[PDB]
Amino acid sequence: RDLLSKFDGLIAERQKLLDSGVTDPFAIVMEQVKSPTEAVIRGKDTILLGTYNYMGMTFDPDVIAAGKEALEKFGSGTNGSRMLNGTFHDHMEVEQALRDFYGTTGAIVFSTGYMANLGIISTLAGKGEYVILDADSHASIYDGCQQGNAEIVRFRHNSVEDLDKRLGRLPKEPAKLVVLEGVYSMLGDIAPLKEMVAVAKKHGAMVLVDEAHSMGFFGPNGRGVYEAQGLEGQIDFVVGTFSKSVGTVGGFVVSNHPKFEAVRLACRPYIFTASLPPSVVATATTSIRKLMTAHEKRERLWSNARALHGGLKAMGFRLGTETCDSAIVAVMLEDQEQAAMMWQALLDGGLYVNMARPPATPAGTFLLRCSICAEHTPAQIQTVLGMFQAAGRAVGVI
């Protein structure tokens, strides 16, 4: 045995999945991507319904032009830390775009969303302090807790009551960070932020909200679930990513706290990595600024989401949410075999959705996840519904 012997179980599990005759759902290659909604997968034209490209920004002509210009003018990379040689014109641009987007004085960009959560959580809360998080928080939030030296307190999934009880049992004096998400990505349901934030404040805690799955399409300014629920000016830190609505890679944290900039002085995942390529921060800047006034896209996205959610529910699918509360629609299935057969029938028929990842999914839960795009046409949505009807009936789900 050696260091890789520990993976023998996972290897056997993947082979067991493949023994069923399905395409490996975790090795899909997009050979060509024609648009935000169309790709070629396994030599077949396929509608994309599992890409989390909520506002279709990845093919926006202004976004693409900004990226090409940045490559030409500034080259392919910075090769350095933001603290040394890695801050170019476009890095200053992208941080100001975020300040303008969120109405904050502070904005710190990280090289990935994962690293923003890893770094902000492990840097803000130290030894003798507390991080209080939802039991089903994103992996990056859990990894930030592991990276730090704080006391970690999980509360039962989606319970305002359990947050309140768990917070209330902690000592009063030490500083505390409550970490919440606006939209939770497994089922696409929304957090009761208004109520949870009131509880956090009662107990003197600071609040961090991850708005990765809401940017550009929740709240009057598209700032997130917290804005939609009336919490403008009440959230200490908002963490987000460039890899959803914005359409590239990178992470960020925004805040009005007067000492917020000091995070750059301490945060290891900010300091000890190369800054993003000029093209990446240029595309992000342009996308973020367009997202401030992308009203037609926002309306199309929600229209499409309501149509898909309403249609699948009407057909008899069991969904992760009773009402259409985000741009994620989760279809719940009875076993791994049913999920596999459904996913394959959809793929073979020309539709890509996500199969739940075993590392992300609790045992005994089986689903497919759909993500709506502002650039889906009403026609594509009806085509998708017809494909779900055909596959669902053929597999015996409905």
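Residue numbers here begin at 1 and follow the sequence given.
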**Q.** Stretch with the higher entry mean CA B-factor, where the candidates are 151-159 and 210-218
**A.** 210-218
Q.
When the Cα temperature factors in the entry are averaged, is it 86-94 or 317-325 that ends up higher?
A. 317-325
Q: Select one of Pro277, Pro174, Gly311, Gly230: the residue whose C-alpha shows the highest B-factor in the crystal structure entry.
A: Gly230
Q. Out of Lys290, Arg99, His138, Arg306, which one has a C-alpha B factor higher than all the others in the entry?
A. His138
Q) Where does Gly386 sit by CA temperature factor within its chain: lowest, middle or highest third? A) lowest
**Q.** Chain-wide C-alpha B factor ranking for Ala12, given as lowest, middle or highest third
**A.** middle
Q: Tell me, lowest, middle or highest third: where does the Cα B factor of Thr248 rank within its chain?
A: highest
Q: Would you mind checking where the Cα B-factor of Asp134 ranks among the modelled residues of its chain, as the lowest, middle or highest third?
A: highest
(Q) Using the temperature factors of the C-alpha atoms in this entry, rank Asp60 within its chain: lowest, middle or highest third. (A) lowest
